[PDB]
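Coming up is one lone chain in C-alpha cells, specifically the form deposited in one PDB entry.
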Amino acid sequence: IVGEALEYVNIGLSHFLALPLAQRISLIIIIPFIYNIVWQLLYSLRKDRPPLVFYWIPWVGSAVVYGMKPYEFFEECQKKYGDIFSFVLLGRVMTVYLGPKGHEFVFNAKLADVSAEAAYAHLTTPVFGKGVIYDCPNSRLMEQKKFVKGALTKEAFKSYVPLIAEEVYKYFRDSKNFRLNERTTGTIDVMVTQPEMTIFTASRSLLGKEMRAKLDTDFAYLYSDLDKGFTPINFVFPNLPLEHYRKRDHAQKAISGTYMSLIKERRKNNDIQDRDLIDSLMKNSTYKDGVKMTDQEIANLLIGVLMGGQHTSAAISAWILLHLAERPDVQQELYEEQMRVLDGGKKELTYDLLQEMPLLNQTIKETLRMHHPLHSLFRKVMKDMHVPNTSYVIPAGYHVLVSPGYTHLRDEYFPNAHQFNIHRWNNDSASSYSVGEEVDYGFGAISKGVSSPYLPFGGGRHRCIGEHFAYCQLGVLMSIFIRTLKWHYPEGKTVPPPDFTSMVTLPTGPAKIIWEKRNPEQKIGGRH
C-alpha cells in the first residue's frame, strides 16, 4: 500500500511549514537555484531551440557580462555556439543572431513576426511623450518618419550648413572650453564639449532661433533632466517613484509645452515658413487616413527626434576627435583636403562643397564602423519564427537581438578591424548605399536587402532617417575643427574604451584632448 506514502507527503508538507525561518528562507533561496539549473539542462536537449548560455542566478541571467562588455560576450558565445544563441537578461530571453544573415533575420523580419515598439515603448514613451515613435501602431511611425524626412531635404541642408557653422564658431568664441579670441591652447573633455556643440547645432537648425535662444538659459537644465530618463535602467524600472523620474516627467511637459507655445504662436500669427522642422511638421503632419497630429504629438515627435540624434551624433563627434588626437597624419591629410576644396579657406563652406570632401566623409564613415552608437537593437518576438536552414524555432515572447556593430569589428568583413583606417573607404565615401533592389515602407525607397556587414543606420522598416542630417552636422563641425585647430592627447593618454552601459557607446570619460589654434592670431567676429 502507498496510501501510507500519501500520508507522508501530507506529513512532510506540515513539517516543511514548521521549519525554522532560518532554514525556510534558505529553501526559498535554494529551491529556485536548483530548479533553474535543472531546467537549463533539460532545455539543452531540445533541438528546436538555439543553444542557451548557461547562468547561475535565476532571472538575472547573463546581464552582468552582457551589460558591461557585450561584444566580448558575443565573441565568446560565437566561439562556443556559432552565430545563433540565446541568453537570459533580467527576466527576458534574448536570441542573438550574429552576422549579415542575422541582420536579415531581424531587420527584414515580417511585421507580424516581431515588434520594435513592444521592445522600446516602455523606455522612450516616458521620455518623448505619448502618441509618437513607439507609443503608436507601426503604421503611424512610418508616416511620422515620412513627416520628419520632409524637413530633411537637400535644400534644407543647404540652409542648415551656414546655421550650423555659425553655432560652431560661436561655441569656439564664447564657450569657456575654448575662448579662441583669448586663448591659443587649452585642454577639453570631449564628453563635455561635444554634447553641448551637438545640442546647439541641432537646435538652431532643426528647431530654429527661438528654441536655440532658450538653451542659453536655465531652460537648458530641463534637457539635462530629460537626458537622465534616457537610460538602460528604464528598460527594467521605467517608473519607480523617485526623483530623477519626476524631473524627467517634468522636463517632458515643460519642453513639449515650450514647443507647443511656439507652434500655437506661429499659427495664430500665420508665421509658418520653411525655416525648420517645426514649420515643416506644422504644414505636414496629417496621416493618410486624414487624422492630424495634435500640437502635443508634434511637440513629442520633436523631442524624440532631437533626443535620438543628440546622443548618436555627440558620441560620434567625440570618437572622431579622440581617434584623430593620436593621428596627426590624418589631421594633416584632412587639412589639405579642406584647403583644396575651399580654396585655402576663402570659399564659404556649403552643403555642395561638403560632398566634395571624401576623406572627411570617410573619417565619419570609419568612426561609425568602429563605434556604432547602438551595440544592440531589439525586437520582441510576436509569432513563432522558424530560423531558415536550421531546425531552430524562436517562440513568441522571446526577444531577438541584432548587432551590426559587432560585425563592424570582425576581421573577416573588415581586414584589421580594430585599426582606424579611413582609407579602407577609398572610392566609397557615401554614408550608405543600396547594392540592389529597393522597397518603401512609407517613408521613402530604401534598400530591400539588409545583408551588408556595414549597417550603422540599421535597415528595414525601422531604418534611420537622420543619416544625412548626421553627416551634414558632423561634416560642418569637423570641417571647422580641422581648419581651426590641431589637437593631441595628454602624455600617456590614448583612445579610451567604450562605455557599453549607457544608451549609446560613448567613450569612457573623462576623455581629454589638448587643442591648439592653427592661427593663434585669428579672431572670431560678432558681439558677445
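Just count from 1 along the sequence shown to find any residue number. Heads up, when I say rigid core I mean the largest set of C-alphas that superpose within 1.5 Å between the two forms.
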Mean CA temperature factor from the deposited coordinates, higher in 409-417 or in 390-398?
390-398
Mean C-alpha temperature factor, higher of 228-236 and 351-359:
228-236
Which one of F178, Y433, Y134, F147 shows the top CA temperature factor in the record?
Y433
Highest Cα B-factor in the deposition, which of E297, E76, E166, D189?
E76
For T484, return the chain-relative third of its C-alpha B-factor as stated in the PDB record: lowest, middle or highest.
lowest
Third of chain Cα B-factors occupied by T494
middle
CA B-factor placement of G309, once the chain's modelled residues are sorted into thirds
lowest
Sorting the chain's modelled residues by C-alpha B-factor and splitting them into thirds places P58 in the highest
Quick one: classify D271 as lowest, middle or highest third of the chain based on its Cα B-factor.
highest
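A second form of this protein, the form deposited in another entry, is not displayed here; the remarks below concern that form.
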Rigid core superposed: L21 CA moves 2 Å or more between the shown form and the other one
no
